[PDB]
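Trainee: Here is my input; please provide its structure:
(6 chains, ligands or ions: 2)
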Amino acid sequence: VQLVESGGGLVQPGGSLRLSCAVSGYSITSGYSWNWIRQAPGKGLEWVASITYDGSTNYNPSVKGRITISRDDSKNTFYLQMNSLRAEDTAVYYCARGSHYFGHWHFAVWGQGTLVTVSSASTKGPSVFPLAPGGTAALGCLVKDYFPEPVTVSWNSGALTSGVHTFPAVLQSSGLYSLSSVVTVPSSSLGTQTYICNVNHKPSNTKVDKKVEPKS
Amino acid sequence: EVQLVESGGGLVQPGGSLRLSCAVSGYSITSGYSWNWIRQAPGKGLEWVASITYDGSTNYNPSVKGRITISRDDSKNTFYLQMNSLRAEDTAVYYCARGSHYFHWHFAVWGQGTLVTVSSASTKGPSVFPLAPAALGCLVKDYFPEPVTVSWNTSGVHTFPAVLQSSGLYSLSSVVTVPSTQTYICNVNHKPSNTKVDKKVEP
Amino acid sequence: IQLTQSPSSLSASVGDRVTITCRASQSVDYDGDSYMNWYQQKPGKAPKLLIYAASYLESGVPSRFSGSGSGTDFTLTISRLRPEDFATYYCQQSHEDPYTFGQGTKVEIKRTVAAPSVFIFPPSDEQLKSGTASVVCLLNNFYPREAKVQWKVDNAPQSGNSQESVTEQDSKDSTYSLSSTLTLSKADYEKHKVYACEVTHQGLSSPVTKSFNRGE
Amino acid sequence: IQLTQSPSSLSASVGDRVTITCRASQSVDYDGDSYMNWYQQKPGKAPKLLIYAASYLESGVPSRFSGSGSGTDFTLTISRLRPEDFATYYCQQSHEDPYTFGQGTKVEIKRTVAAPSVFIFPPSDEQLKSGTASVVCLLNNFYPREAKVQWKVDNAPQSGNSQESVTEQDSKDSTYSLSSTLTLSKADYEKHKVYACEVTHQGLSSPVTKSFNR
Amino acid sequence: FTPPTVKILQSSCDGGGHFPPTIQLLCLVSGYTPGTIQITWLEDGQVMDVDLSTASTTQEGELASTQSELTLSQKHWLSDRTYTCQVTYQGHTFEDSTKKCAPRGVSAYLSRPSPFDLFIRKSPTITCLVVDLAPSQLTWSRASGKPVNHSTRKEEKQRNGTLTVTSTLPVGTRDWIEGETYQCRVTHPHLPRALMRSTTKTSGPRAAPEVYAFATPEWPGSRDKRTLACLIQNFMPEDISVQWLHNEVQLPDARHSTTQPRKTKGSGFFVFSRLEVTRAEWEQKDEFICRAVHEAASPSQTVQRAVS
Amino acid sequence: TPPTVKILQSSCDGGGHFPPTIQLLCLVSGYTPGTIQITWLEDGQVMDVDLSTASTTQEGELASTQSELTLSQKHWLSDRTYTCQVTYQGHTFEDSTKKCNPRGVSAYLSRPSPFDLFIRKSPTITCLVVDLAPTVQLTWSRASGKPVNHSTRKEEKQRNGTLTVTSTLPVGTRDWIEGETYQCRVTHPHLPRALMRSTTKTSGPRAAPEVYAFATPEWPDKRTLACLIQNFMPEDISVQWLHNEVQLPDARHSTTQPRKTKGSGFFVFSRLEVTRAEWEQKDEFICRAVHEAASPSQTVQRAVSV
Ligand SMILES: *[C@@H]1O[C@H](CO)[C@@H](O[C@@H]2O[C@H](CO)[C@@H](O[C@@H]3O[C@H](CO[C@H]4O[C@H](CO)[C@@H](O)[C@H](O)[C@@H]4O)[C@@H](O)[C@H](O[C@H]4O[C@H](CO)[C@@H](O)[C@H](O)[C@@H]4O)[C@@H]3O)[C@H](O)[C@H]2NC(C)=O)[C@H](O)[C@H]1NC(C)=O
Ligand SMILES: *[C@@H]1O[C@H](CO)[C@@H](O[C@@H]2O[C@H](CO)[C@@H](O[C@@H]3O[C@H](CO[C@H]4O[C@H](CO)[C@@H](O)[C@H](O)[C@@H]4O)[C@@H](O)[C@H](O[C@H]4O[C@H](CO)[C@@H](O)[C@H](O)[C@@H]4O)[C@@H]3O)[C@H](O)[C@H]2NC(C)=O)[C@H](O)[C@H]1NC(C)=O
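Mentor: Residues are numbered from 1 along each chain as shown, chains lettered A, B, ... in the order given. Ligands and ions are numbered 1, 2, ... in the order given. Below, you will see the structure:
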């Protein structure tokens, strides 16, 4: 079975965010454990929420009181509504499933993980610019001045995967994130093959496809 | 199963010849095991004398070498032992034996055997004199040579060995206990003198 | 329940053995068994379950992983080292609440030195109309991470107004990639012609620099 | 090669350990294999093979027997003595022709002591006319075999005229049998009126005799 | 910085477990920032002869290593003496001892649900058998945390001075079919770290079995008895149950014989069933059903074939 | 330069106790730097390097490669033969070790199979010796007295430190039927003794084997055949499959060992898979049972067609 999350994005401080997790393959009412795990940016992981098939819940001491978690049997999906969001509350939330062992659990299946960034800054879409160029050539795309993370980048709708280097984003002087993505291809395939990078920024509903052709 | 029985005994004059016979039933000899004769003197030990293998190879003992010879017959399924110049040491009880090989041999199956008497005395019969009585029996006095079979009509009986009287004849006795209307009859059969004596004992 | 691991970052050769120690302030030996878990978080993906109860392996996990320990101290052992194991490793306890994860151990690989690849990317004509200029300097597939990049616009050394970023090690060859970005005003690009990027690295006995002229 | 058995004869109670020794003059073994056998010779029949190679048992042989030793000294051991396995046992080497046998070891079975029962019967009416008068003093079911019967002809000591015959252990009463036969001439049988034999034995506190009138 | 550590190793034996004529012990002082170091060997507390041990110091990078080898005879090493290696590091002395390697072994078997208990009977049961325990608490568990049906713990000592604990846990029908996992653990006063026995569904796929039933011809001299051979092959996994049926009633297991499941030449396992019948049975009704129960069969996990 | 193999292990406790995990080190001394392959063998089976660590060190001109194997305390108590196999330049270098006394030397005399007896015309008895410690000449004997055919001698050393003796004597067919008994003894330089085992025709009454051949029905270039050989005493039997007047290999068909029937006698099943090109060349597959009780030529067989 697989665990897929949904409902992330940008939320103002102290607001309410509802994170969902649609399971697939196993009925959520057949008997298992379903937990929520968060990870601070650059720090370790931390558990917060848990729910069983019959309805027993528990809450971590560091986040108890600000969290509301419930289940829905009709859609095989359980939610996590959370209020009183703080600056130290920004973390990547993972929808995970545990297995029983004499009263002790361990997360076996892990979700894809959704990033929730709690801040007061407004959303900003990225501007995409190409990077045009021995025996091996280099080309790429630029993702500059945007907020917040994350950004998914692919090439030729997924046709080019070997030699792809997506550099992690950096915080520019203006407080926005900037990201570079390049790919190395042989110099013979410059004038023959077409190269297009796919950029998608879900928090701002921005989908851009910019073509890179050599400059001579 | 396979059994061996010997024959060819009785009173023999001194310095004569003794022809022994042992019939083999159940197996052959040409493709069989080893066959030999083992004799034992009256009241003494056993001494190997003659032997023969499946292919006919013979091996003898030096104590009676030159005056003994073992042969075999393919049609009778038996073998024979011939002895000559019998001295008083050669008077013994000859047994028939079959051996088995080990890399060294050992006799597994044996024969009943026969007794041969080599002397210059004549064949005296068993004078049967009954003994009146509880117990009763029949006395066997002055006979030659051995042996003598004394049958009855067996339970609670005891047959004594014959005493070697100075006259060269032997005398044995036989007893049996009976509770204190039935008639008991003893059957004394003599092998050399071919004499059978039926004797009824009356109170 | 504070947990700690050691060491933080280590460089090991291909095929060696690795030792990680999850030290706990809580004795977890209860009911005749020990309750301690291990995890592998691939860079930028969901953590992967490895060992449960610090002794039994997860069904489907290769045999290179081997866990040991009980009570307060635990030890992790790697039999043969494959490049597929470049990740950060955390240990999670389920004995008593609150459930706590370790501090993490970024295990990177030592190997033979690989020569870097230097590339320079001019700012596209679209970005020039956007009022900002960004010349991109690229380093591709090399080792180790220890490198120095110096910017030079019209042979003039630049500093302070540049931003660099490094990637994670490859799952195939365990190399690094570096991207250097230049940030200048629009008038500075229109006033200079020769742009170059010099990099210092132990992989090459002589540093390399590539140059170009704008509008050419 | 000659074999000296040790001992020459022995007796033991029912269910004891039987040990027989046999000394060889020369080494009868080769390449480690013990080359010597053992046999069982019971009276009234033919001998029967026990074991070979001084240790290996054949089929149809009681498992209570056991052999040990090598080279020149060999030992035969029986686990427990049965009341129906009394016989004389011999050692025999097979390293060099001709084969030789031991001195012989008679194994006797032991039981309880019983007093002798003696009955005396004179020569019959048909024996007196035969010139020889044979008087038999018969004792049955006595133990042990060590006993003495003294002849008294007209209360006079008779010496040298007694022919004693002994039987072995019986298979029904587990005792012995002795017969004292006195060979006297026909002229001597008439010169006496009262005959008697005094049977001395361990089962009797005093020597019991039996008398009859001619 | 880093303080040194001490470890002791001994010489290996042969395939027959024979010790070499000269036993050699090694004292490792590895991984320490360079500093003053001195090794001293002990025999039951007494400092051994200095000429019997050799010490070599190697420095690598930031850590240092020190090796000390001691050669002894088999008679001296077999004396069960306590040999202590005392290594001093700038005043901090580390010690470690060794001696010649001088009980009973515990084992446990956890059976899987038989095809008869799960599909035909409908009351599947597993058996967690633990043997060879020193005679002086059982703890079951489940993977999904569902309500565990309790088990009967039958604790009985064995004849070889040991103890056996049989635990039969009733399980559900749909649970094992849908791949439920169960675990078994026993606790004893002398246990520092208990063991675990976990059973689960087979890792391999499923394949229905093919059943062929044949009747042997009448052999000369056996006119009142026939032999029925039944071939069941190409089923995965090998867990399978076989029973015979005549006159619509099931025959006991003692009347038929079934071999162990063995691999075929390609994929799947094969078994052979042998039933002996009398003339009163086939004249009553000449039909004998060779029924095979397998988890991969359907609908009711049953496949059969009759023979006349 | 050939390398030197040497095995070490973890030291036991001062009180005679075993550590929780016994580790075996396999040191390779100085050798010319080249391809070295440290394969760990447990009772002759290959271990995966995903459990044993490999470490290579080269100083000056000599190389030193060491492999450490991690084992549990229970596995070292199994007395299994562990082996560190090292290959260099082609020639191999093997060093074995086991857990660590007197113990008895045993041997068994193998009965000649009826395949060698009735079919191969070379009935061979095998006197096999096991657990021997270092000429070792073997000698046979017959009870009938006839000289034995000279047997081939073969010595074979094992990884568990033992030495085995393989003696194969061609016997006569008529002798084994009549009831000939063969024996075996070995003179060893180690112990001054010489043991003996004996073989012969199995006693007891005899039941002729019943052969039945069947064929699975054709269901939508491969057919499966079955053969049932049952109710035979004793269990000594040999099963073969005949095709195109040529005996099929033993590894082609699966055959079970003899097992007791519900009453008297044993039963054996046999499974054979034939291709389409086989019964097109000759649609006749014969399941022949070789048993001493069969008549007339100790052979009973059945033919089946598809
Ligand atoms: C003191 O004495 C006791 C009594 O003998 C010993 O306890 C026995 O220990 C042995 C082994 O330790 C046990 O044998 C095991 O039995 C299992 C029972 O399985 C049943 O169910 C299966 C289902 O398929 C049937 O096939 C099977 O026939 C049984 O009916 C077996 O499953 C085990 O098999 C495993 O090992 C064999 C080894 O050949 C493999 O072939 C198998 O594939 C499988 O891996 C095993 O045979 C026995 O049951 C115990 N008896 C009791 C009464 O508990 C103690 O060990 C002993 N202690 C000491 C210190 O010596
Ligand atoms: C060191 O390593 C060696 C390996 O060479 C061991 O030697 C083996 O010892 C075993 C003892 O169990 C031998 O097994 C025996 O084989 C006999 C012959 O069988 C032949 O035929 C079969 C096929 O039918 C072949 O697979 C087999 O290899 C032979 O060619 C059997 O007759 C024996 O059975 C007897 O013993 C068993 C014991 O369980 C009884 O159950 C039986 O009823 C019967 O009495 C036995 O199976 C094996 O053959 C030897 N190896 C070789 C290569 O022959 C040493 O034992 C080992 N020593 C130590 C101390 O570890």
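
Trainee: For residue E:65, give the beta-bridge partners.
Mentor: Residue E:65 has these beta-bridge partners by DSSP bridges: residue E:58.

Trainee: how near is it to ligand 2?
Mentor: Note on residue E:65: its distance to ligand 2, by CB to the nearest ligand atom, to the nearest Å, is 38 Å. Bear in mind the C-beta positions are built from the backbone N, C-alpha and C, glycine included.

Trainee: count of residues packed around that residue?
Mentor: 16 (other CB atoms under 10 Å in any protein chain shown).

Trainee: What residue spans form the domains of chain C?
Mentor: Domains of chain C are assigned by curated CATH domains as C:1-110, C:111-216.

Trainee: Any chance of a markdown table for those, columns distance to residue F:11?
Mentor: Below are those laid out as a markdown table (distance: least, CB to CB, whole Å):
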| stretch | distance to residue F:11 |
| --- | --- |
| domain C:1-110 | 19 |
| domain C:111-216 | 36 |
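
Trainee: wait, which of those domains is closest to residue F:136?
Mentor: domain C:1-110 (42.8 Å; CB to CB).

Trainee: With respect to chain F, which of the domains of chain C lies nearest?
Mentor: With CB to the nearest CB, the closest approach to chain F among these belongs to domain C:1-110: 4.5 Å.

Trainee: Now do the end-to-end distance for the closest one.
Mentor: One end of domain C:1-110 sits 34 Å from the other (CA to CA, to the nearest Å).

Trainee: Off-centre distance for that domain?
Mentor: Here the centre of domain C:1-110 is set off from its chain's centre by 19 Å, with CA atoms, centre = their mean, to the nearest Å.

Trainee: now do stretch E:260-279
Mentor: That offset, for stretch E:260-279, works out to 26 Å (CA atoms, centre = their mean).

Trainee: anything in that stretch near chain F?
Mentor: Yes. Stretch E:260-279 reaches chain F (CB under 8 Å from any CB of the partner chain) through E:262, E:264, E:265, E:270, E:272, E:274, E:276.

Trainee: got the contact list for the last one?
Mentor: In other words, residue E:276. Residue E:276 sits next to E:225, E:227, E:228, E:255, F:261, F:262, F:263 when contact means CB atoms under 8 Å, 6 or more residues apart in numbering or on different chains.

Trainee: helix or strand for residue C:189, which one?
Mentor: Taking DSSP states H and E as the definition, residue C:189 sits inside helix C:186-191.

Trainee: what's the most buried one of the domains of chain C?
Mentor: Burial of the domains of chain C is given as mean neighbour count (mean count of other CB atoms under 10 Å in any protein chain shown); domain C:1-110 ranks first at a mean of 18.

Trainee: rewinding a little: quick one: contacts of the following helix or strand past the helix holding residue C:189?
Mentor: Once the chain leaves helix C:186-191, the next helix or strand it forms, by DSSP H and E, is strand C:194-201. The contact list for strand C:194-201, computed with CB under 8 Å, 6+ apart, reads C:116, C:118, C:120, C:122, C:135, C:137, C:139, C:142, C:146-155, C:180, C:207-214.

Trainee: I'd like the next helix or strand past strand C:194-201.
Mentor: According to DSSP H and E, the helix or strand after strand C:194-201 is strand C:208-213.

Trainee: so residue C:61 sits right up against residue C:50, yeah?
Mentor: Yes. With contact defined as CB atoms under 8 Å, residue C:61 counts as touching residue C:50 (5.7 Å).

Trainee: So residue C:7 versus chain B, what's the distance?
Mentor: 74 Å (CB to the nearest CB, to the nearest Å).

Trainee: Tell me what the closest residue to residue C:123 other than its chain neighbours is bridged to.
Mentor: Nearest non-adjacent residue to residue C:123, counting by CB to CB, 6 or more residues apart in numbering or on different chains: residue C:133, 4.6 Å away. Under DSSP bridges, the beta-bridge partners of residue C:133 are residue C:184.

Trainee: Could you tell me which of the residues of stretch E:260-279 next to chain F are located in helices?
Mentor: Using DSSP state H, no member of these sits in helices.

Trainee: Show me these that map onto strands.
Mentor: Of those, the ones assigned to strands by DSSP state E are E:262, E:270, E:272, E:274, E:276.

Trainee: Distance check, the nearest residue to the third one once chain neighbours are set aside against residue F:258.
Mentor: For residue E:272, the nearest residue in space outside its immediate sequence neighbours is residue F:269; the separation is 4.4 Å by CB to CB, 6+ apart. Applying CB to CB, to the nearest Å, one obtains 10 Å for the distance of residue F:269 from residue F:258.

Trainee: what packs against the helix holding residue C:189?
Mentor: Contact partners of helix C:186-191 among helices and strands, from 3 or more CB pairs under 8 Å, 6 or more residues apart in numbering or on different chains; DSSP states H and E: helix C:125-129, strand C:132-133.

Trainee: Closest approach to chain B from chain E, which residue is it?
Mentor: For chain E, CB to the nearest CB, closest residue to chain B: residue E:221, 28.2 Å.

Trainee: wait, isn't residue E:226 in contact with residue E:215?
Mentor: Yes. Residue E:226 lies in contact with residue E:215 (CB under 8 Å); the separation is 6.0 Å.

Trainee: Using the record's assignment, carve chain A into domains.
Mentor: Split by curated CATH domains, chain A gives A:1-120, A:121-216.

Trainee: so how many other residues sit close to residue 28?
Mentor: No chain specified, so I'll use chain A. When neighbours are defined as other CB under 10 Å, residue A:28 has 21 of them.

Trainee: that's the other chain; I wanted chain E
Mentor: That count, for residue E:28 with other CB under 10 Å as the rule, works out to 18.

Trainee: next helix or strand past the helix or strand hosting it?
Mentor: Following DSSP H and E, one finds residue E:28 within strand E:22-30. The helix or strand immediately downstream of strand E:22-30 is strand E:37-43, counting by DSSP H and E.

Trainee: who's in contact with the spatially most central residue of chain A?
Mentor: In chain A, the C-alpha nearest the mean C-alpha coordinate belongs to residue A:114, at 4.1 Å (CA atoms, centre = their mean). By CB under 8 Å, 6+ apart, the residues touching residue A:114 are A:5, A:6, A:7, A:8, A:19, A:92, A:93.

Trainee: likewise residue A:49?
Mentor: A:35, A:36, A:57, A:58, A:59, A:60, A:67, A:69, A:80.

Trainee: Distance-wise, check it relative to residue A:35.
Mentor: Between residue A:49 and residue A:35 the distance, using CB to CB, works out to 6 Å.

Trainee: and what of residue E:118?
Mentor: With CB to CB as the criterion, residue E:118 and residue A:35 are 32 Å apart.

Trainee: Counting neighbours around each, name which of those two comes out higher.
Mentor: Set side by side, residue E:118 and residue A:35 give different neighbour counts by other CB under 10 Å, the larger being at residue E:118 (23 against 20).

Trainee: can I assume that one is in contact with residue E:176?
Mentor: Yes. Shown here, residue E:118 and residue E:176 form a contact pair, counting by CB under 8 Å, at 6.2 Å.

Trainee: Report the set of residues contacting both of the two.
Mentor: With CB under 8 Å, 6+ apart as the test, residue E:118 and residue E:176 both reach residue E:124.

Trainee: ok, back up a step: among the helices and strands packed on helix C:186-191, which comes closest to ligand 2?
Mentor: With respect to ligand 2, and counting by CB to the nearest ligand atom, the nearest of the helices and strands packed on helix C:186-191 is helix C:125-129 at 78.1 Å.

Trainee: Name the residues that touch that closest one?
Mentor: For helix C:125-129, the surrounding residues in contact (CB under 8 Å, 6+ apart) are A:127, A:129, A:142, A:144, C:133, C:134, C:186, C:189, C:190.
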